[PDB]
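Right, one structure below, let's go through it.
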Amino acid sequence: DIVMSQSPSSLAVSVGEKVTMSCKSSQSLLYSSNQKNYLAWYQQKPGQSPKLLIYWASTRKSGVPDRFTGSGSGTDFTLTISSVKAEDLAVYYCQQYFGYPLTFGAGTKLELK
Amino acid sequence: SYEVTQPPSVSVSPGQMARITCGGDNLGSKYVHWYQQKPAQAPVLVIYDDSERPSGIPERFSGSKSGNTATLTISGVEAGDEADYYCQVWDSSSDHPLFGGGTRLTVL
Amino acid sequence: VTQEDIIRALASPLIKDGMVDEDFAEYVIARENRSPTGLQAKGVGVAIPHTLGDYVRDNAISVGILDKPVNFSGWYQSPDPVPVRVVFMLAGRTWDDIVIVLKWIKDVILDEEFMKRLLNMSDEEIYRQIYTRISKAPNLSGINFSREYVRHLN
Amino acid sequence: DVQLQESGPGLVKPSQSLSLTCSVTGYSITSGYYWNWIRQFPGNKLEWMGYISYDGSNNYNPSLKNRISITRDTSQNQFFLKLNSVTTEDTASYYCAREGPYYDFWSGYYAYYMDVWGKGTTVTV
Amino acid sequence: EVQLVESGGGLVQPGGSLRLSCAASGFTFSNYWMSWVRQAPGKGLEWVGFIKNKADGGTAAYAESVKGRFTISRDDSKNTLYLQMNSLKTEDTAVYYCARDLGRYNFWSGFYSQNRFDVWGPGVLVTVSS
């Protein structure tokens, strides 16, 4: 199986306009026939099912300012939350689509008193 | 695989329990068959794949071949049944079987 | 469009992961010319050639797909080259895994609907359906198969 | 556009098998796309339970090959997940999802996106 | 019966040729398969060559350094294996044997196995008359 992980486990800040989420994989996840690495972030609000915002910058239906930056096996695959998302309490997951089995890494950002 | 080593002969006392082998790069996989040739006769099969026997074959030729060297294991020699034996190595790296090794036995 | 270049192209994504060292493809070609295996299926498919190299680190199957037949070298000793639309290559280390994988392949090739689908279906789907068949059997545990090993061939 | 709905006897004893049924809408099961289950534990741990294909293929990802069985009823537009001899390690929420290739600049990028999902829970014991 | 009998030996000068053959009866020839083995004096079980069963296509093969000079064939209607020897050399004088294996090597068949030779006959002695 291909193991996915969120390197900082997130929770970097409670407040901060320019912070990132960061995924790493044990495999390159790169298809040489496409020159594209197949992975996803699946942002989720508490109490709700996860939904995908960014797939290598694709399917941004509920688009907000954001980014997709990595490319290699481990490297540093990130997204930038930007100053305001209006989804400020959330859990994010690390996913890959290169081998058959899927697993998920995870981390969150939560501002609670 | 490829060349199969052997001693020219082994002197076997009734209780020696001699470990007489066929060499090669690795015989713990890509195993061999063993044949026994009575003097002035053609060789015949003495043992099958790994450790199994044709009917009529005694408790000798019972080696487990647990290592990478194929050991026949002869618990002495009975009566007039002393005979030359050899082995067959399929040798998949060439797609075709090679034969070799083998010893002649003596007693007394 | 020939078996030598198809075998090299097919082996390339597998060698890249270190599955087999020492290039391998030249040996695969020499092995197929010296002793072909049965190739003609009851339908339109072609059976999988195998090498049984002794420098194979683990077991894997490469598949891919051709658009045109390349008249891959025949098997029965007759002037009958066998048109091949899908060229396969498997790796192995000993006799037992070759016999087990070839028997499994035998069971797969007699499913004619699967082979026609292989002829028209996409590369993601080729990966998915073969992976499913490999993992379905109680046998074949440990044989590696990933999306990088299925590519279109010339 | 499309919503899925989990239903079934989530309060299942270990002596019997888990039986969870997912109703889906907006499409026909045999035309395309794949249906699957995502299992979520009390934390952020998620697991991939495998696929049931539009063509009937059943790809049981878990190593518990004789534990998980997935069947289909195309007249009811429902999928049925069963787990034999359910244990306490299987208590989790369960989501059904419908995903497969969606149009991108390329006619087939097979980027599933978790575009369609359900929502529900079960409890073992 | 069961036991095979090699025939066709004799005294042949270097550079000549001879057809050697091995007879079988009492069992079905095609349910086993035959190949050639040589025993030069002081040696044993030298490989001569190999052909496959018609079930596996009848593919021919040769032992290393004996390509061409040894042509191996069969006659399945007589339960007889034969080898056409040419380009004879004195160092190749030996007792020749036909070895009976048990196996196949193909698709839509199974029966995968190692040669596993079992029983064969005394062989035919091929020497130089001189």
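Labels for the chains are A, B, C, D and E, by order of writing; each one numbers its residues from 1.
To be clear about the criterion, a residue touches a chain if its C-beta (ideal position, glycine included) is under 8 Å from a C-beta of that chain, and two chains touch if they have at least 3 such contacts.
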Interface with more contacting C-beta pairs, comparing C-E to B-E
B-E
Rounded to the nearest Å, the gap separating the Cα centres of subunit D and subunit E is 62
Distance from the mean Cα position of subunit E to that of subunit B, given in whole angstrom:
23
For subunit C and subunit D, what's the span in angstrom between their mean Cα positions?
33
Indicate the whole-number Å distance between the mean C-alpha point of subunit A and the mean C-alpha point of subunit C.
37
Which positions in subunit B touch two or more other chains at once?
90, 95
Going by the contact rule already set, what residues in subunit D reach two or more other chains?
59, 110
Could you pull out the residues of subunit A that touch at least 2 other chains?
100
On the basis of the stated criterion, which chains touch which? Give every pair.
A-C, A-D, B-C, B-E, C-D, C-E
Which residues of subunit A touch subunit D in the complex?
34, 36, 38, 40, 42, 48-52, 55-56, 58-59, 91, 93, 97, 100-104, 106-108
Inside the complex, what are the residues of subunit D that reach subunit C?
51, 53, 57-60, 101, 108, 110
Using the touch definition from the top, list the residues of subunit B that touch subunit C in their complex.
1, 29-30, 90, 92-93, 95
Which residues of subunit B touch subunit E in the complex?
31, 33, 35, 37, 41-45, 48-49, 54, 84, 86, 88, 90, 94-100, 102
Show me the residue ranges of subunit D that touch subunit A in the complex, using the header's touch definition.
44-48, 59, 61, 95, 102, 104, 106, 109-115, 117-119
